[PDB]
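Encoded as structure tokens, the structure appears first; notes follow it.
Numbering (full-length UniProt numbering), first residue to last: 54 to 76, 99 to 118, 122 to 136, 140 to 247, 251 to 388, 390 to 673, 678 to 744, 748 to 945, 948 to 967.
Set out below in structure tokens:
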């Protein structure tokens with residue numbers, strides 16, 4: 054029973070794959108196999127088959146179904162058949178039969194239209210339309226002949242849609261309609277040797293004249309049959325996108341029929357975009373018009390003097406009308422309706438809103454600053470609606486979001502609509518309405534921060550709104566916006582420093598605010614503490630920064646080891662890091682001494698203690714090292730006195749990846765000047781030595797277990813070598829050991845280790861040419877390196893990781909072409925088996941190809959070679 058299908062499938066696979074070997100579902104598979112068999116013959123067979131099956135010599142409907150499955154399997158088979166003849170020739174041959182097929186299915190449909198429709202007849206007509214469809218898509222057909230069958234298909238669509246109305253279709257009838265619309269789409273987007281405006285125009289006019297009744301009868305109601313509508317609109321949109329020259333010419337041309345056609349189409353697309361309901365729960369049409377609007381605006385921009394001006398005269402009011410629709414379409418469901426929504430629907434709506442914002446951008450491209458006038462008017466309408474109905478928050482949120490969508494273009498001036506928006510944002514009660522409105526208002530206020538930078542006046546209501554936002558559950562948006570307000574127009578916020586800090590501290594005392602939001606707020610608080618009088622700065626250091634250290638000390642006293650204590654410690658460390666990431670005294678009076686440094690000096694032993702307590706957990710260490718790193722990044726120049734204690738701390742941490753990372757940042761930052769070279773060189777020596785001591789762990793277990801450490805290690809080493817060439821001048825380090833462990837690095841299965849090891853070796857090879865001390869090491873370990881590379885490409889590494897190896901070969905080429913030539917020739921010709929599978933001739937040829945070369951070509955060669963070595967298919 055179920056195995057019979059496996060038998061038939063075996064027959065199908067055998068027939069398709071091994072023609073050279075020979076010199099319900101089961102029925103369909105059999106028909107497909109018959110189709111392939113008919114496709115293999117060059118010497122018409124299709125005519126004979128069609129005649130034989132239509133003659134009903136062999140159930141008549143079943144026979145027809147078989148015929149249709151054969152005919153449908155015929156062209157799709159040629160696209161994947163392992164035919165002996167040239168593919169293009171095969172397609173060109175079937176192109177002779179396409180007309181006969183179209184005629185056969187045409188006559189069949191014309192005959193089936195009169196009779197009454199059983200379910201088998203539904204399935205048959207469906208299979209017929211689908212046959213014509215796949216035939217048109219796979220093989221090109223002249224539209225001239227496609228006209229009549231298009232008319233027939235239209236009639237079929239109508240016969241499917243009309244009897245269903247009182251309402252819903254039978255789904256099977258719906259299926260037939262969908263198939264018809266889809267094959268019509270296939271017909272209209274077909275490539276034409278000669279693009280005739282007349283024929284395309286005829287097809288479009290047929291589409292409109294036939295489907296407009298349906299679209300009209302279904303647009304007003306929240307119709308259940310979304311499929312037919314969305315596929316008719318699909319047909320319109322697709323057809324227009326396929327021939328847009330016709331559309332633009334139609335806008336310019338004085339031919340009444342063409343202009344009327346264009347107007348009617350654009351109207352249908354407008355209705356599609358302005359379909360009532362919310363996407364996608366109540367309506368799914370609006371998504372396929374956005375692309376059209378994009379393309380239209382772009383094409384109008386590209387085609388432009391002369392008649393282009395006349396084009397603008399048409400598309401300007403059109404896009405003005407479009408913007409208003411988009412604002413309504415950006416409306417999110419209220420608290421009630423959202424209950425029906427699924428998570429996927431909400432995400433889909435979010436992406437939808439992103440698309441809407443993009444479309445808003447294009448609308449700005451068309452309308453310039455007038456889009457602000459439109460958005461403003463709508464915002465007013467929203468306010469008036471609010472006055473009429475104190476519950477409504479949707480329209481307001483939509484208008485505000487719309488304003489946020491265009492925030493990038495304007496900059497600071499001239500505006501004259503941004504201030505109005507600000508006043509509206511300050512007017513709104515927030516407390517009375519939903520909080521989502523408040524959150525969006527916060528995001529939008531954050532989007533206009535540069536505008537606030539250009540205008541000093543409107544800052545206090547903005548900061549007030551942000552505080553109100555910090556009070557609410559939309560604190561994430563409030564803090565994103567606050568950070569965005571601190572990054573720019575920082576200097577203008579100097580008078581409002583202390584009150585803002587009191588507000589942030591107030592928000593911090595309340596237990597509600599989420600942990601992440603507190604971190605971001607710590608960024609904002611640091612940036613805001615930067616612009617403070619030196620006498621007032623310790624007060625906030627004791628109020629804001631101190632409770633973090635107190636809590637860290639409390640965990641150290643309790644000895645902790647509870648998960649909550651872990652989360653809390655990490656949290657505090659994050660707040661601290663982020664505070665350090667923004668607190669910079671130097672601006673453009679100002680305190681002489683940096684506060685961060687002072688705090689470091691006071692808190693270093695707490696870092697040591699926290700390091701000792703959580704040596705087992707890498708998370709806490711990563712957090713602390715993040716604090717140090719953010720510190721260094723902030724005050725790069727003025728960090729000098731604490732760096733010695735930082736070296737003591739790092740050494741204390743050695744006695748892990750984040751330690752290597754902080755070491756890296758420290759070296760890259762300091763090694764340049766002023767006695768920092770001794771400290772950085774010493775620290776480097778320790779950094780490498782301890783790593784070696786860790787490497788002394790067994791390769792078999794450690795290699796896979798300590799792969800992350802290896803990746804981080806070689807990454808850091810790569811970046812520091814790239815940053816400072818003077819590092820290689822030092823002869824104290826054990827370069828040979830490092831090399832060996834890198835060659836081991838290439839072996840590891842993990843992608844990161846491979847990439848970082850290969851990169852490190854590459855840059856080491858690049859920097860080795862300049863210094864003799866390094867060139868001795870390269871000459872000493874070059875052959876080993878090429879051997880490991882070739883083993884890795886050959887069998888060792890995963891096949892998807894072969895690409896990574898070409899770079900080191902290139903480095904070897906540039907820095908030492910002779911050595912690569914001799915070493916590759918030796919290591920490839922001498923061995924009997926780099927691997928057994930690869931042929932000597934092909935191997936030698938590939939080797940010749942590698943030493944001569948581009949990274950892409952070498953990647954292709956290395957890949958092909960790898961396939962040959964592994965003996966892959």
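Every residue gets a Cβ at the ideal spot worked out from N, C-alpha and C, and that includes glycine.
What first and last residue would you give for the alpha helix (DSSP H) that runs through residue i?
i	result
residue 112	100-115
residue 514	Per DSSP, residue 514 belongs to no alpha helix (DSSP H) and is neither H nor E.
residue 579	Unbroken run through residue 579: none, as it is neither H nor E.
residue 285	281-303
residue 180	179-195
residue 158	141-159
residue 924	No alpha helix (DSSP H) contains residue 924, which DSSP labels as neither H nor E.
residue 720	707-723
residue 437	428-452
Check this for me: beta carbons of residue i and residue j, under 9 Å apart or not?
i	j	result
residue 288	residue 224	no
residue 801	residue 852	no
residue 260	residue 222	no
residue 154	residue 217	no
residue 889	residue 846	yes
residue 349	residue 331	yes
residue 789	residue 805	no
residue 275	residue 215	no
residue 737	residue 717	no
residue 641	residue 660	no
residue 389	residue 727	Missing here is residue 389; the chain as given proceeds from 388 to 390 without the residues in between.
residue 212	residue 182	yes
Just to confirm my understanding: we take residue i, look at its own chain, exclude 5 residues before and 5 after, and list those with CB closer than 7 Å. What are they?
i	result
residue 915	874, 875 and 878
residue 713	658, 696, 699 and 700
residue 669	615, 723 and 724
residue 898	949, 952, 953 and 956
residue 930	962 and 963
residue 68	108, 111 and 112
residue 207	259, 260 and 263
residue 907	857, 858, 860 and 861
How long is the line joining the alpha carbons of residue i and residue j, rounded to whole angstroms?
i	j	result
residue 554	residue 607	16 Å
residue 464	residue 198	54 Å
residue 451	residue 165	55 Å
residue 343	residue 396	12 Å
residue 797	residue 748	13 Å
residue 75	residue 112	12 Å
residue 475	residue 420	15 Å
residue 388	residue 665	53 Å
residue 599	residue 769	43 Å
residue 951	residue 176	38 Å
residue 122	residue 62	27 Å
residue 141	residue 404	56 Å
residue 940	residue 857	21 Å
residue 928	residue 443	57 Å
residue 251	residue 456	40 Å
residue 370	residue 246	24 Å
residue 812	residue 760	6 Å
residue 471	residue 655	45 Å
residue 520	residue 489	17 Å
residue 192	residue 237	12 Å
residue 556	residue 592	6 Å
residue 314	residue 368	7 Å
residue 121	residue 707	Examination of the chain shows a numbering gap from 118 to 122; residue 121 is inside it and therefore has no coordinates.
CB-CB under 8 Å to residue i, same chain, minus the five flanking residues each way: which ones, in chain order?
i	result
residue 527	550, 551, 554, 559, 562, 563, 565 and 566
residue 885	894, 897, 956, 959, 960 and 963
residue 118	none
Should residue i be listed as close to the ligand MN, given that the test is whether its C-beta is under 8 Å from any heavy atom?
i	result
residue 545	What this structure holds is no ligand at all, so the ligand MN is not there to describe.
Could you confirm whether any beta carbon from chain C is found closer than 9 Å to the beta carbon of residue i?
i	result
residue 703	The structure shown contains no chain C, having only a single protein chain.
Excluding the 5 residues preceding and the 5 following residue i in the sequence, name in chain order all residues of the same chain whose CB lies nearer than 6 Å to its CB.
i	result
residue 357	370, 373 and 410
residue 384	396 and 400
residue 803	844, 845 and 848
* In the region 800-827, which residue ranges form an unbroken beta strand (DSSP E) of at least 3 residues, counting only runs that do not cross its ends? -> none
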